[PDB]
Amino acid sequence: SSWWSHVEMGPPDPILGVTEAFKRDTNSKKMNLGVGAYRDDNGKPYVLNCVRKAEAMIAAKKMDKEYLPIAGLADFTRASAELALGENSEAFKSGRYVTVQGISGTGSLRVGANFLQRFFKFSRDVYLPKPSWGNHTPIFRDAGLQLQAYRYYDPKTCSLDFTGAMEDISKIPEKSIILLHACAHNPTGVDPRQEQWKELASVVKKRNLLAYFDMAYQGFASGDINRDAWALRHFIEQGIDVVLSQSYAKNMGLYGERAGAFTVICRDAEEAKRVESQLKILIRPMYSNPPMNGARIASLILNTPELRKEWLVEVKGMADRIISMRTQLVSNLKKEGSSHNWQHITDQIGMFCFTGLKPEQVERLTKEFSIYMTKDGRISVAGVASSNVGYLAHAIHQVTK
């Protein structure tokens, strides 16, 4: 009878745990399609070209390793806001925002959730869409907020349930908090259409809800950054002051470096100052100050003209390749002789495909084929290469035949 005799065996993460299990398999044909991690055409981890150069520049300058301010590297912070907001933005121009370096997308999301728990005096409820990324639940839950839901996906039709979305949203009590995915909804891969977004704007405005945007995929939904930041920007110019979280984990392939940011759109630059003051005070007793490596790299990329442009060609290429795997998947499916309609695969955007397979099929997939994916039918098509798209298709077919 020690201190921890009562502490039970908790279970492995529904997403991250997939990597653990996959690591242990001895099947040489094994594929890891759980976590959304981009792979090159050879099925290998990919460090962008522009990253490798930023690194080299950092190297040559012999930089120190001194602590960074509590709010992060200034230049990285100003650059992320600019990247979300667009340079011509009044909010940006006018200085009505505060952006603070965060521990990637998760980190930022949690700093924001914590901030809210502490200063958002009007409500303890966060409305997530059905379905949403597994991690959103616990991030909000450990921060001290309550979780709610709004209809989103319609599995019958493999699409956005606009009517239910609007119904639900039109009834959320005023002054509540709503989480919206900026683009490339995870895990459905289905986004609202522009016109649809204009409509959502109205209701949010109308009901006076705090819009919380999660932007983990800028440049992966269409291959264009500005285009992918459309909705977010439209909300702001309609007069909706949102809170926003950013990740550079996927779009810059900086996964383990942990670079990201959390932003608040305020009334003036004076309000922005006070908010800043309080966010610092939250972060201090959390981790004191943030990791410098991913922030140093990103800043250099974003702030260096040639590096920025190279990066944009690189994002396009990754997005394109994903499209090619989608196409090929479907086609092989037919070739294998599938009866089913696999149109959703090519219809969805981003890193994944919300396939539809049941959990018994997921089980067989891993066991007979050593293909690892999440139990909800989600697969990371980003981790598929030209050499194993055939293998994938064949399996999908066998277990579905």
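Don't overthink the numbering: it's just position in the shown sequence, from 1. If you superpose the two forms and keep the largest set of C-alpha atoms that fall within 1.5 Å, you have the rigid core.
Superposing each structure in 7 other deposited structures of this protein on the rigid core shows that the farther-lying of 143 to 151 and 214 to 222, by root-mean-square Cα distance, is 214 to 222. Remark: when the other structures in 7 other deposited structures of this protein are fitted onto this one via the rigid core, 325 to 333 deviates more than the alternative among 325 to 333 and 285 to 293, judged by RMS CA distance.
When the mean C-alpha temperature factors of 354 to 362 and 66 to 74 are read from the deposited coordinates, 354 to 362 comes out higher.
Look at the C-alpha B-factors of 376 to 384 and of 5 to 13. On average they run higher in 5 to 13.
Of the candidates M57, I345, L333, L33, the PDB record gives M57 the highest C-alpha temperature factor.
If you compare the C-alpha temperature factors of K130, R96, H181, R274 in the entry, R96 comes out highest. Among the modelled residues of its chain, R124 has a C-alpha B-factor that falls in the highest third according to the deposited record. Sort the modelled residues of the chain by CA B factor and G317 lands in the middle third. In the PDB entry, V399 places in the highest third of its chain by CA B-factor. When the CA B factors of the chain's modelled residues are split into thirds, the value for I139 lands in the lowest one.
In this PDB entry, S299 carries a Cα temperature factor that places it within the highest third of its chain's modelled residues.
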